[PDB]
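One chain comes next, on its own, written as structure tokens: the form deposited in one PDB entry.
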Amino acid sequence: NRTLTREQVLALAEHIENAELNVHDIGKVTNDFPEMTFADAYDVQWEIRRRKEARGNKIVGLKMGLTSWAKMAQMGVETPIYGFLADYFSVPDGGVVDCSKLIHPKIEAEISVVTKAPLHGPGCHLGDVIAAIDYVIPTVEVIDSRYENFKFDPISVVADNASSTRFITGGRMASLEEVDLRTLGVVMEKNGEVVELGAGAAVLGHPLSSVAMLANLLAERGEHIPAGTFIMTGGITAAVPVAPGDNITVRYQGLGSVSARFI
């Protein structure tokens, strides 16, 4: 189920990573490799992860993307995708994000979890996930595809680490039993006014179902979710462009707010 040579996997990972590291867009890689498969793209993504680990970056988490019924159908896929989170992606509550290091960023409000027991697929279900959740973390993702004008496809997007670039944590980081992730209301304000809202159910019907799905996806490569993993479960709100000068505040029902400023 692969079409790339090893040399191509290595060179594509360099090419795609350089676009993020040097803040420029690129053509979608499937233009040059039309036969590229999901396994190829994940090969490329995991190689970019290796490149970052090799230079000393810690991988502090994983994210899930295309977690909407609408999102999957737009992309012609039947399942979500995942990507990894490097330590320098992390931004503190109330922090300042430098847009000069971003290409064409947008923000999404999400809910994250940190696990306290390993999770394995295949066949991981909602019931398997519950006790493995330590606590939840209100999180705003900054997504920033390295493909120009968002002219892409899901295979290219996987290869580009699912557009990951920054994430901002904040609010109250509470045990799972204190929080209903299905009914969790989230309100995104930008420049002083409400611009988007949503509920946790927008994530596959339940954000914990996204965690179960992630375990199953990882199992396809013989991987799993180790205890202690931070997982961003998916977009609760629609993605919103951000630019220098913007202030955002995202309010999480019963869990405070997450804020950031852009320059």
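Sequential numbering from 1, following the sequence displayed. In this text, the rigid core denotes the largest set of C-alpha atoms whose superposition between the two forms falls within 1.5 Å.
Stretch with the greater mean C-alpha B-factor as recorded in the entry, comparing 45-53 against 217-225: Between 217-225 and 45-53, it is 217-225 that shows the higher mean C-alpha B-factor.
Stretch with the greater mean C-alpha B-factor as recorded in the entry, comparing 234-242 against 32-40: Result of the comparison: 32-40.
Based on what the PDB entry reports, which of 180, 189, 128, 144 has the top C-alpha B-factor? Going by the entry's C-alpha B-factors, 128 comes out highest.
Out of 134, 110, 98, 160, residue topping the C-alpha B-factor column of the entry: Answer, based on the entry's C-alpha B-factors: 98.
Hey, what third does residue 106 fall into on Cα B-factor, ranked over its chain? Middle third by C-alpha B-factor.
Third of the chain, ranked by Cα B-factor, where residue 248 sits: Within its chain, residue 248 is a highest-third residue by C-alpha B-factor, going by the deposited values.
Going by the recorded CA B-factors, say which third of the chain residue 151 sits in, lowest, middle or highest. Highest third.
Residue 138 - Cα temperature factor, lowest/middle/highest third of chain: Lowest third - that is where residue 138 ends up once the chain's C-alpha B-factors are sorted.
When the modelled residues of the chain are sorted by Cα temperature factor, does residue 197 land in the lowest, middle or highest third? Ranked within chain, residue 197 CA B lands in the lowest tercile.
Just so it is clear, the following notes concern the form deposited in another entry, a form of the same protein that is not shown.
Would you mind telling me which residue of 191, 175, 183, 74 shifts its Cα by 2 Å or more between this form and the one not shown when the core is superposed? One residue passes the 2 Å cut-off, namely 74.
Given a change of 3 Å or more, say if the Cα atoms of residue 107 and residue 77 sit closer or farther in the other form than in this form. Compared with this form, residue 107 and residue 77 lie closer in the other form.
I want to verify one pair: residue 73 and residue 221. Are their C-alpha atoms nearer or more distant in the other form compared with the form I supplied, knowing the change is 3 Å or more? Farther apart, which means the C-alphas of residue 73 and residue 221 are at least 3 Å more distant in the other form.
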